[PDB]
Every structure is written in C-alpha cells, then in structure tokens.
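Colleague: Mind looking over this structure? Questions follow.
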Amino acid sequence: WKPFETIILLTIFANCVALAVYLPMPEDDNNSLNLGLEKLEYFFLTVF
Amino acid sequence: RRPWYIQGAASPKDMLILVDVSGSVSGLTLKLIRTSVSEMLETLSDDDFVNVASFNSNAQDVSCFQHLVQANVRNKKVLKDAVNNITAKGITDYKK
Ligand SMILES: *[C@@H]1O[C@H](CO)[C@@H](O)[C@H](O)[C@H]1NC(C)=O
Ligand SMILES: [Ca+2]
C-alpha cells in the first residue's frame with residue numbers, strides 16, 4: 001500500500017530508456033555503452 | 001599516381017596497412033576498404049616495403065608473408081588477392 005508503484009513505474013521508465021539507448025551492431029560487434037547496459041539489465045531483473 | 005611522380009615526391013617507405021575487420025565494418029564500407037587498400041597498394045614501388053595486417057579483437061596477417069615484403073608485382077598481387085578475401089566479424093580492438 002506504500003507508494004511502491006511509483007518507484008516501480010520509474011524503474012520501468014529507466015528500463016525503457018536503457019532499451020532505447022542500446023545501439024545494435026552488425027556481425028557480433030559491441031561498444032562500451034552496450035556492454036555497460038548488459039550489466040544494468042541485471043539490476044532490473046532482480047528488482048522485478 | 002605515375003611511378004616517376006611518386007618516386008620524385010617522397011623517399012621509400014616501410015608501409016603497414018592495418019585493416020579493421022570487426023563487425024561494424026560489414027557492408028558497403030568493407031568493399032570500399034578492399035578497393036581502397038588495392039588502390040593504395042597500387043601506389044607502391046619496388047623500393048617500398050609493405051605488409052597488410054588485420055585486427056578484430058585479435059591481430060593477424062592477411063596472407064602468408066608475416067613480415068614486410070619488397071612489394072613488387074607478385075607480392076602486391078598476393079596482398080591484393082588476400083585483401084579481396086576478408087570478411088567482417090568480431091569486436092574492434094585498436095590496442096592489439
Ligand atoms: C580465399 O578465397 C578462396 C577462394 O579461392 C577460399 O577458398 C578461401 O576460403 C578464402 N580464404 C578465407 C580466409 O576465407
Ligand atoms: Ca567497430
């Protein structure tokens with residue numbers, strides 16, 4: 001009953017932002033930001 | 001691009017052509033790189049020494065040379081044939 005829904009909404013908004021900033025690279029390539037987002041998605045997964 | 005102009009415009013060279021074959025260079029830029037490397041090899045004479053390397057998270061040689069070669073017609077032909085045979089795959093690593 002606490003405003004637990006607002007923080008979850010902000011978390012999903014942050015997850016959507018992280019999905020938007022991901023850069024798809026051809027032929028199994030990557031950059032630093034993409035590698036940094038593969039670790040941040042663990043933070044969302046454990047919260048969910 | 002004439003041999004006399006090129007020999008009179010600079011001193012001999014020890015050239016190394018480093019080619020990026022990571023995943024991102026897949027597509028138009030790969031064929032453009034192949035044509036550009038062939039054209040750049042066309043600017044070298046018998047007094048220059050060249051070798052073509054290639055890196056994608058790991059650095060290697062494109063042909064069976066493993067060191068600088070005299071860059072005559074035969075060696076340049078071998079290097080061109082090896083360059084026209086590369087593919088794009090992997091992650092870029094400029095340090096290696
Ligand atoms: C080079 O081209 C030949 C075709 O004559 C092919 O068989 C060979 O696999 C190519 N080399 C590489 C490393 O792909
Ligand atoms: Ca790249």
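Going by the structure tokens order, chains are called A, B, ..., each with residues numbered from 1, while ligands are numbered from 1 in the order shown.
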With only C-alpha atoms and all ligand atoms counted, collect every polymer residue having an atom within 7 Å of ligand 1; state the result as number ranges by chain.

Modeller: B: 82, 85-86

Colleague: For ligand 2, list the contacting residues at 9 Å or closer, counting only C-alpha atoms and all ligand atoms, as an mmCIF file with N, CA, C and O atoms, in the first residue's frame.

Modeller:
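Okay, this is what ended up in selection_14.cif:
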data_model
loop_
_atom_site.group_PDB
_atom_site.id
_atom_site.type_symbol
_atom_site.label_atom_id
_atom_site.label_comp_id
_atom_site.auth_asym_id
_atom_site.auth_seq_id
_atom_site.Cartn_x
_atom_site.Cartn_y
_atom_site.Cartn_z
ATOM 1 N N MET A 25 24.641 -3.484 -33.252
ATOM 2 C CA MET A 25 25.843 -3.528 -34.068
ATOM 3 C C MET A 25 25.844 -4.759 -34.965
ATOM 4 O O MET A 25 25.388 -5.830 -34.549
ATOM 5 N N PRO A 26 26.348 -4.641 -36.188
ATOM 6 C CA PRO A 26 26.380 -5.793 -37.094
ATOM 7 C C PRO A 26 27.467 -6.792 -36.735
ATOM 8 O O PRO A 26 28.506 -6.446 -36.170
ATOM 9 N N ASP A 29 29.323 -7.231 -33.018
ATOM 10 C CA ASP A 29 30.155 -6.134 -32.554
ATOM 11 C C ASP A 29 29.505 -5.468 -31.349
ATOM 12 O O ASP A 29 28.322 -5.669 -31.063
ATOM 13 N N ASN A 30 30.297 -4.669 -30.638
ATOM 14 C CA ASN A 30 29.819 -4.012 -29.432
ATOM 15 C C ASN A 30 30.650 -2.766 -29.169
ATOM 16 O O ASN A 30 31.729 -2.582 -29.735
ATOM 17 N N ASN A 31 30.125 -1.905 -28.302
ATOM 18 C CA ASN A 31 30.856 -0.761 -27.780
ATOM 19 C C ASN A 31 30.748 -0.768 -26.260
ATOM 20 O O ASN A 31 30.139 -1.660 -25.664
ATOM 21 N N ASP B 20 40.635 -2.849 -40.440
ATOM 22 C CA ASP B 20 39.640 -3.184 -39.432
ATOM 23 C C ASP B 20 38.617 -4.130 -40.049
ATOM 24 O O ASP B 20 37.950 -3.777 -41.026
ATOM 25 N N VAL B 21 38.499 -5.331 -39.486
ATOM 26 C CA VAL B 21 37.551 -6.318 -39.987
ATOM 27 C C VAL B 21 36.584 -6.700 -38.878
ATOM 28 O O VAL B 21 36.058 -7.818 -38.854
ATOM 29 N N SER B 22 36.339 -5.775 -37.956
ATOM 30 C CA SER B 22 35.355 -6.002 -36.912
ATOM 31 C C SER B 22 33.952 -6.023 -37.519
ATOM 32 O O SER B 22 33.757 -5.812 -38.717
ATOM 33 N N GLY B 23 32.957 -6.289 -36.673
ATOM 34 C CA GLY B 23 31.604 -6.452 -37.172
ATOM 35 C C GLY B 23 31.027 -5.198 -37.796
ATOM 36 O O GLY B 23 30.267 -5.277 -38.764
ATOM 37 N N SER B 24 31.382 -4.028 -37.262
ATOM 38 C CA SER B 24 30.768 -2.781 -37.704
ATOM 39 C C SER B 24 31.156 -2.394 -39.125
ATOM 40 O O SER B 24 30.451 -1.592 -39.744
ATOM 41 N N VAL B 25 32.248 -2.937 -39.660
ATOM 42 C CA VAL B 25 32.701 -2.555 -40.994
ATOM 43 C C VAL B 25 32.026 -3.427 -42.044
ATOM 44 O O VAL B 25 32.372 -3.372 -43.227
ATOM 45 N N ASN B 56 40.572 -7.814 -35.421
ATOM 46 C CA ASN B 56 39.224 -7.771 -34.847
ATOM 47 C C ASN B 56 39.282 -8.553 -33.533
ATOM 48 O O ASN B 56 39.140 -9.778 -33.515
ATOM 49 N N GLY B 90 33.360 -9.831 -35.413
ATOM 50 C CA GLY B 90 34.031 -9.659 -34.143
ATOM 51 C C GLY B 90 33.868 -8.268 -33.564
ATOM 52 O O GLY B 90 33.009 -7.481 -33.970
ATOM 53 N N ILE B 91 34.722 -7.966 -32.587
ATOM 54 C CA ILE B 91 34.692 -6.708 -31.851
ATOM 55 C C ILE B 91 36.014 -5.986 -32.070
ATOM 56 O O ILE B 91 37.080 -6.610 -32.064
ATOM 57 N N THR B 92 35.940 -4.672 -32.265
ATOM 58 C CA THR B 92 37.130 -3.880 -32.537
ATOM 59 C C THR B 92 38.053 -3.844 -31.324
ATOM 60 O O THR B 92 37.601 -3.791 -30.178
ATOM 61 N N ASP B 93 39.360 -3.874 -31.587
ATOM 62 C CA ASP B 93 40.369 -3.732 -30.537
ATOM 63 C C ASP B 93 41.578 -3.047 -31.167
ATOM 64 O O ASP B 93 42.396 -3.704 -31.818
#

Colleague: Quick one: residues within 9 Å of residue B:6, only C-alpha atoms, excluding same-chain residues fewer than 3 positions away - as an MDAnalysis selection string?

Modeller: chainID B and resid 1:3 9:11 43:45

Colleague: Give me, as a PyMOL selection string, all polymer residues having an atom no more than 12 Å from stretch 15-23 of chain A, counting only C-alpha atoms and skipping those fewer than 5 positions away in the same chain.

Modeller: (chain A and resi 8-10+28-45+47-48) or (chain B and resi 24)

Colleague: So which residues touch residue B:47 within 9 Å, counting only C-alpha atoms, skipping near sequence neighbours fewer than 4 positions away, as a CSV table (one decimal) with N, CA and C atoms, in the first residue's frame?

Modeller:
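This is the output file result.csv:
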chain,number,residue,atom,x,y,z
B,11,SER,N,60.5,9.8,-50.3
B,11,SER,CA,61.5,8.8,-50.1
B,11,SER,C,60.8,7.4,-50.0
B,12,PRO,N,61.6,6.3,-50.1
B,12,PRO,CA,61.0,5.0,-49.9
B,12,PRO,C,60.3,4.8,-48.5
B,13,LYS,N,59.5,3.8,-48.4
B,13,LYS,CA,58.6,3.7,-47.3
B,13,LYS,C,58.7,2.2,-46.7
B,70,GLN,N,59.0,-7.0,-50.4
B,70,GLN,CA,59.6,-6.0,-51.3
B,70,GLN,C,58.5,-5.2,-52.1
B,71,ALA,N,57.2,-5.7,-52.1
B,71,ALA,CA,56.1,-5.0,-52.8
B,71,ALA,C,56.4,-4.8,-54.3
B,72,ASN,N,56.8,-5.9,-54.9
B,72,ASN,CA,56.9,-5.9,-56.4
B,72,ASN,C,55.5,-6.4,-56.9

Colleague: For residue B:39, which residue out of B:7, B:60, B:15, B:76 is the nearest one, using only C-alpha atoms?

Modeller: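 Between B:7, B:60, B:15, B:76, the residue approaching residue B:39 most closely is B:76.
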
Colleague: Quick one: pick out all helix (DSSP H, G or I) residues within chain B from a backbone DSSP run and write them as a PyMOL selection string.

Modeller: chain B and resi 3-9+23-25+28-41+73-83

Colleague: Interatomic distance between atom CA of residue B:51 and atom CA of residue B:68?

Modeller: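 Going from atom CA of residue B:51 over to atom CA of residue B:68, I get 5.0 Å.
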
Colleague: Check the smallest atom-to-atom distance from each of A:27, A:13, A:46, A:3 to chain B using only C-alpha atoms, then report the winner.

Modeller: A:27

Colleague: If you measure from atom CA of residue B:87 to atom CA of residue B:32, what distance in Å do you get, rounded to one decimal?

Modeller: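 Straight-line distance from atom CA of residue B:87 to atom CA of residue B:32 works out to 12.6 Å.
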
Colleague: Please identify all polymer residues within 9 Å of residue B:96, counting only C-alpha atoms, omitting same-chain residues fewer than 5 positions from it, and present them as a PDB file with N, CA, C and O atoms, in the first residue's frame.

Modeller:
ATOM      1  N   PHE B  55      42.876  -6.735 -37.853  1.00  0.00           N
ATOM      2  CA  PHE B  55      42.569  -6.890 -36.437  1.00  0.00           C
ATOM      3  C   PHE B  55      41.067  -6.851 -36.202  1.00  0.00           C
ATOM      4  O   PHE B  55      40.371  -5.982 -36.734  1.00  0.00           O
ATOM      5  N   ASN B  56      40.572  -7.814 -35.421  1.00  0.00           N
ATOM      6  CA  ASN B  56      39.224  -7.771 -34.847  1.00  0.00           C
ATOM      7  C   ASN B  56      39.282  -8.553 -33.533  1.00  0.00           C
ATOM      8  O   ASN B  56      39.140  -9.778 -33.515  1.00  0.00           O
ATOM      9  N   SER B  57      39.522  -7.830 -32.436  1.00  0.00           N
ATOM     10  CA  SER B  57      39.730  -8.420 -31.114  1.00  0.00           C
ATOM     11  C   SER B  57      40.956  -9.327 -31.096  1.00  0.00           C
ATOM     12  O   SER B  57      41.261  -9.950 -30.075  1.00  0.00           O
ATOM     13  N   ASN B  58      41.667  -9.393 -32.220  1.00  0.00           N
ATOM     14  CA  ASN B  58      42.852 -10.216 -32.412  1.00  0.00           C
ATOM     15  C   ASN B  58      43.495  -9.791 -33.721  1.00  0.00           C
ATOM     16  O   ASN B  58      42.797  -9.587 -34.715  1.00  0.00           O
ATOM     17  N   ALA B  59      44.816  -9.658 -33.717  1.00  0.00           N
ATOM     18  CA  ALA B  59      45.551  -9.153 -34.864  1.00  0.00           C
ATOM     19  C   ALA B  59      46.303 -10.285 -35.549  1.00  0.00           C
ATOM     20  O   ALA B  59      46.917 -11.127 -34.887  1.00  0.00           O
TER      21      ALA B  59
END
